[PDB]
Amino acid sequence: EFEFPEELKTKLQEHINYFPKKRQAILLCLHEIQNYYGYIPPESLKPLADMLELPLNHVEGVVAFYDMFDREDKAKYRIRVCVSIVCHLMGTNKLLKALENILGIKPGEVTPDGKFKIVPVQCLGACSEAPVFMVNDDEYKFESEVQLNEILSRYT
């Protein structure tokens, strides 16, 4: 049986107790799981369903629906790159080239050490600062390869 480490389990419960009904905590719990593991482990959905008092197929459907969640690839840092209209106009392709130069990967790929995954995303709501990316929760305007290299050096 897969079990949640106590420190994760504790955080999950806090979410479950936060809203008036347990099932409202499903996304906060899934965020917490992906934070902890670097992805959503398939084995983690049953225990979570039990904790939410939901059927497993309900949980599985929710994970499938919501694009931030990833059941396939473990990565310590998700580099979310906006590929929508404004970032496209202002230099998404320059940002992607810089990332390939520094990290050796393209959108959808993980570095061989499991450190970085490039995730293409829709508009991140920072369009005046296009082209935009995130590294996990941190968000930045891309200026140049030298600048990006300095930013990425902060994630170890």
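Note that residue numbering follows the sequence shown and begins at 1.
Trainee: Going by the average Cα B-factor in the PDB entry, point out whether 41-49 or 99-107 comes out higher.
Mentor: Stretch with the greater average CA B-factor: 41-49.
Trainee: Would you tell me which stretch averages the higher CA B-factor in the PDB entry, 18-26 or 131-139?
Mentor: Between 18-26 and 131-139, it is 18-26.
Trainee: At the C-alpha atoms, which of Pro120, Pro112, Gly125, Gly61 reaches the highest B-factor in this entry?
Mentor: That would be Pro112, according to the entry.
Trainee: When the modelled residues of the chain are sorted by Cα temperature factor, does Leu56 land in the lowest, middle or highest third?
Mentor: Its C-alpha B-factor belongs to the highest third of this chain's values.
Trainee: Taking the entry's C-alpha B-factors for this chain, is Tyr66 in the lowest, middle or highest third?
Mentor: It falls in the bottom third of the chain.
Trainee: If you rank every modelled residue in this chain by C-alpha B factor, which third holds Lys76: lowest, middle or highest?
Mentor: Middle third - that is where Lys76 ends up once the chain's C-alpha B-factors are sorted.
Trainee: Hey, what third does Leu12 fall into on Cα B-factor, ranked over its chain?
Mentor: Highest third of the chain for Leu12's C-alpha B-factor.
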